[PDB]
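This is what each chain is made of:
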Amino acid sequence: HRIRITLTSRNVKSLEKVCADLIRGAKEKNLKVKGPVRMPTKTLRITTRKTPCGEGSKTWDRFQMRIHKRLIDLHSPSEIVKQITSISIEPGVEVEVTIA
Amino acid sequence: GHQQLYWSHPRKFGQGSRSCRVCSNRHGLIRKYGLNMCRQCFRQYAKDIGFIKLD
Amino acid sequence: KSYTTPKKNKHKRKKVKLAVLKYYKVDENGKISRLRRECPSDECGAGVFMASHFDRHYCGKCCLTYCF
Amino acid sequence: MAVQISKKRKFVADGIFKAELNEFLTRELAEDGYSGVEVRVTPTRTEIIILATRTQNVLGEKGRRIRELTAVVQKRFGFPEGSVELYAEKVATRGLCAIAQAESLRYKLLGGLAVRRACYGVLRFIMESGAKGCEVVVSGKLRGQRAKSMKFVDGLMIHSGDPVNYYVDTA
Amino acid sequence: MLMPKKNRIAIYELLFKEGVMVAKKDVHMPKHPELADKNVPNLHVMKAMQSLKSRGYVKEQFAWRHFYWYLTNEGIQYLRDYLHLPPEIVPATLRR
RNA sequence: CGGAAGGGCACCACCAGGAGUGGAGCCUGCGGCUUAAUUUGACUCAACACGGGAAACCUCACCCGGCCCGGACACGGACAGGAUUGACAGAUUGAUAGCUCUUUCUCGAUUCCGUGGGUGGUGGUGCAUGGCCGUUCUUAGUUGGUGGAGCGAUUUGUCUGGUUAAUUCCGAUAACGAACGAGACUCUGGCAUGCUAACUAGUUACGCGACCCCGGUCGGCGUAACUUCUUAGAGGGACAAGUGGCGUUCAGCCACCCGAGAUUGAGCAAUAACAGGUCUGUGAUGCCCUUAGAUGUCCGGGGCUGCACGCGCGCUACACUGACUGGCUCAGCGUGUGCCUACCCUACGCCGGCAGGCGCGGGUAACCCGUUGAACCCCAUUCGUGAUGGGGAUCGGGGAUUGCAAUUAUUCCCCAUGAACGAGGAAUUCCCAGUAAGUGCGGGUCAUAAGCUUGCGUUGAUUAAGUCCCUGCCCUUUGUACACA
């Protein structure tokens, strides 16, 4: 009954639109909903030299990937979860649902 | 024979085991987060794998 | 380019015309004589023959040395 | 899952999966108007859609080539049988797709047309397609051994700042 | 080019049931990722389907590490003469 | 372009300074030398801890050697009475490479022998090129259409003046309408007890437990409210907005109140150009060269580190502001079990001084490391100006880890040896706010691995709010016998 849903997406507004969409979908069925827990993000720092050879001035890149994760807790069996999670999903968001 | 001297060198460690997955060179390899690809090929595909130069 | 040390030639493989004719000796009766041995190896029961070297017998491809 | 790698390695491996496919279809479907791919992640179903200009020319002999492209993903990436499927979809306003026009200019140069005359023929098509401006540069050696750089530019076209990442497309 | 006949008639059969098959560009590899059941050394098989191209029965494509062998319409009839298979059976990409 | 003039600007310039280098040791790269090879690219800014190049093999492109075709394909034979493959032995050898000499077994149209031919090349050519990067140029500059001028190259717009970091605007005006760039825009920082939310984050209360004399503490234990401390999302907030002055009173500028900010930092960045660098990044490549006794593949060893000398970036000291011995007490960026991949980060409990060795678990990661018990800092001894307990170069002996392999000491630990160096000449580098400087911690290269580099965090200032004096940059005028300027 204590089901965890993991919301990971690279885009900020692709994750933000689906994190509130599951709130709208679940509140129609009117069960116990926990709020979306905002946990600190992970950013991917890569710094490489711009010149393909070793000639010229020393300049460096700043290549980044910020990844965000949101956790929403549901107090429901898996029948309700399997219905809503198939509606309005976009490939930028990777959704992991844990029954336990 | 000839099979005993062709790939008898141990290549389970070091910089000779790893090479780029596009250029197959042994320099500038980004082993970080298991890209296993050189820095030079990292650039033209940086948008493709997904890094953005944000700051 | 030019080299000082002479090269190494290719090994001459001993091509034998009618090479199977020496394994058996034909007899006018209803029998066949096998001068060579029969290898007890698992991969080859009794058909594959073995080398008759100058020093001792040996079965070639199976890499199994036998001594008298 | 089996090896259960971290989420740091999960999104890194997805990017290389996208990047290797992007190198692949550029080298194989450029003659029939390849314009990009898009993955649709679903449980046990991996839908990847080939956004192509000429949808007629990519399906081939009764959809043989699309079925050929399915078997490539099955074997190189080790996906289970029936787990990944491919579709070809039409690209709206294909004149505004630079990678679709880059191979169009590439084949006009390769067909034997003049360097200049191939360049004008694309440019009045893309303003006919509704573009505010463009920049076309052909490098290399022209009319001799010495290298010359062409620059035949018209219209509104910016370079600097944030908007260049989504207001222009470069091939 | 003496990788023995036990290793041949499988890979044309392998190239028949799927018209295209993959291979990691790596000479020093005893096996295949796709064909992990048989020994089938990688370096000899690299010389197998390039000889298919050498008369012109197969195409070639590359993705950073990988030889891709798309069978041409000439290649089906070569497989019918070499393997003596009936003309009714078709590759999986020719069936829908 | 001017050692011509007038304006404006810059710590890759100065002023006033700070830390330094050059002075000593050591590390690293280059030149030179030498070697079989000490592979090579790069030589003012814009080469010299730069090719992410911290080379035992590989990397390696070099040398000494030794094997193989991985010469596909098309064509002439040779061929199943066999075209042709591997093989344990004796010497060969570096390897038990059938690689070769003797000597036979073995596979079976695949093959081998010649010609075209293709492949391979870290072979040459960046003064043939693609692509990428750097520099001109961090400056504010650059261009079209129409109209005007001149036969014309060209010019007006793109400006006399004011203002600005800005071709930033105001204002004039044979110029007008416009376009790139700057600005604008993206990320970060900072202020909101206002909104959303948290049992992988905590706070407050209840009830205990332990201790001390009702109260106090506990990373000791379970509960209900909350986001003040933890996180990230939507909004807000700052605009020269208000005031006093300067200014055509326009553009705008200075000061002050109020307010977390009355200039945070970085990204992006225009036209044209170098014959700048990269073919040794490529299954990017034109052309030239080799291709079977190969400039192709692979294996053993060496080398790229070699040392009369010079130079460049750096680390450690020359001490008492300190060295040593104890005790005390604080961080944030991050990262961590691999498609091939054979290799992760660590709690806790034992053995050994230590390097390290052995057991169990946790963590695919707000969960475990971790509350990251960091240096620095603070307190208390010894030393006593002594090349001294500064300093740790050189060097001897021993013990451990990774690796198939450490000798030319791979690294780590213990004892011992204890050099120069007493604040560094000519000359030269960087910087004005959490900045410099001091100091440690993450990531890269890593099997073994930071004197480098990339970020983070701690302690934390002196000086200056100006200038063209030098070095240079942007306009206007002027002159030229320069135009590869």
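cryo-EM is the method the PDB entry lists for this structure, together with a resolution of 2.9 Å.

Draft legend 1. Structural view of the overall build of chain E. Assigned secondary structure in chain E consists of 3 helices and 2 strands. Each helix (α) and strand (β) of chain E, taken in turn from the N terminus, gives the series α-α-β-β-α. Considered along the principal axes of its C-alpha atoms, chain E spans approximately 40 × 30 × 25 Å. Among the 96 residues that make up chain E, the fraction classed as buried is 44%. Within chain E, counting contacts between residues at least 6 apart in sequence, those at least 24 apart form 48% of the total. Working note: accessible area of chain E is about 5500 Å², and carbon and sulfur atoms make up 58% of it. If you average the places of the 16 positive and of the 9 negative side-chain charges in chain E, the two averages end up 5 Å apart.

Draft legend 2. Broad picture of the interface of chain D and chain E. Taken together, the contact between chain D and chain E spans 16 residues of the former and 21 residues of the latter. Approximately 1800 Å² of surface area, both sides summed, lies buried where chain D meets chain E, with 57% of it carried by carbon and sulfur atoms. Where chain D meets chain E, there are 1 salt bridge. Between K75 of chain D and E34 of chain E there is a salt bridge, and its shortest N-O distance comes to 2.5 Å. For the side of chain D that touches chain E, the secondary structure elements donating two or more residues are helix 1 (7–28) and helix 3 (64–76) of chain D. No other element matches helix 3 of chain D, which puts 8 residues into the side of chain D that touches chain E. Split into classes, the residues belonging to the side of chain D that touches chain E amount to 6 nonpolar, no polar and 10 charged.

Draft legend 3. Expanded view of the interface of chain B and chain A. Tallying the contact residues gives 15 residues for chain B and 15 residues for chain A. In this assembly, chain B packs against chain A so that about 1500 Å² is buried in total across both faces, 58% of it on carbon and sulfur atoms. For chain B, the biggest contributors to the area lost against chain A are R43, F51 and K53 of chain B; these three give 39% of the whole. In this assembly, chain B and chain A are joined by 1 salt bridge. Taking the shortest distance from any N to any O, the salt bridge between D61 of chain A and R43 of chain B comes out at 2.4 Å. Seen at the junction of chain B and chain A, the total is 4 residue pairs in polar contact. Of all the elements in the fold, those that place two or more residues in the side of chain B that touches chain A are helix 2 (39–44) and helix 3 (46–49) of chain B. Among the elements that line the side of chain B that touches chain A, the one with the most residues is helix 2 of chain B, at 4 residues. Here the side of chain B that touches chain A is composed, by residue class, of 8 nonpolar, 2 polar and 5 charged.

Draft legend 4. Quick peek at the protein's contact with RNA strand F. Not every one of the 132 residues close to RNA strand F is listed here, only the nearest: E55 of chain A, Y33 of chain B, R56 of chain C, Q145 of chain D together with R8 of chain E. Taken together, the sugar and phosphate atoms account for 69% of what RNA strand F places within 4 Å of the protein. For RNA strand F, a base nitrogen lies 2.6 Å from a polar atom in the backbone of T5 of chain C. Between RNA strand F and the protein, one listed contact pairs a phosphate oxygen with a side-chain N or O atom of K151 of chain D at 2.8 Å. Taken together, the residues that form the surface near RNA strand F break down as 43 nonpolar, 42 polar and 47 charged.

Draft legend 5. Representation of the UniProt feature "binding site: Zn(2+)" (unreviewed entry) in chain E. UniProt records the feature "binding site: Zn(2+)" (unreviewed entry) for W64 of chain E in the present numbering. By secondary structure assignment, the location of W64 of chain E is in the loop between strand 1 (61–62) and strand 2 (67–68). Taking the relative accessible area as the measure of exposure, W64 of chain E reaches 5% and is therefore buried. If sequence neighbours within four positions are ignored, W64 of chain E has contacts with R21, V22 and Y45 of chain B together with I16, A19, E20 and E23 of chain D.

Draft legend 6. How the structure looks around the sheet that holds strand 1 (residues 34–42) of chain D. Residue and element names in this part refer to chain D. Within the open sheet, the 3 strands sit side by side as 1-2-3. Their pairing is mixed. In this open sheet, the two edge strands, each paired with only one partner strand, are strand 1 and strand 3 (84–90). Going from strand to strand, the sheet's axes swing by 20 degrees on average, the running direction of each strand aside. Across the sheet, helix 1 touches strand 1 and strand 2 (45–52), and the angle it forms with strand 1 is around 145 degrees.

Scoring rules and cut-offs
Residues numbered from 1 in each chain as written, not as in the entry; some residues may be left out. Chains lettered and ligands numbered in written order. Part of a larger assembly, values for the part shown. Heavy atoms only, no water. Helix = DSSP H or I, 4+ residues; strand = E, 2+ residues; numbered from the N terminus. Buried < 20%, exposed > 50% of the residue type's maximum accessible area, 1.4 Å probe, protein only. Contact = heavy atoms within 4.5 Å. Areas by Shrake-Rupley, 256 points an atom, 1.4 Å probe, with all protein chains shown as cover. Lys, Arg positive; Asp, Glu negative; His and termini not counted. Charge placed at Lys NZ, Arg CZ, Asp CG, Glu CD. Buried area = accessible area lost by both parts, 1.4 Å probe. Salt bridge = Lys/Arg side-chain N within 4 Å of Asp/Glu carboxyl O. Nonpolar A, V, L, I, M, F, W, Y, C, P; charged D, E, K, R; others polar. Polar contact = N/O pair within 3.5 Å; in protein donor to acceptor, adjacent residues only side chain to side chain. Near = heavy atom within 4 Å. UniProt positions renumbered as here; feature names shortened; annotations may be inferred. Pairing = 2+ DSSP bridges. Axes fitted to C-alpha atoms, helices over the stretch in contact; angles between N-to-C directions.

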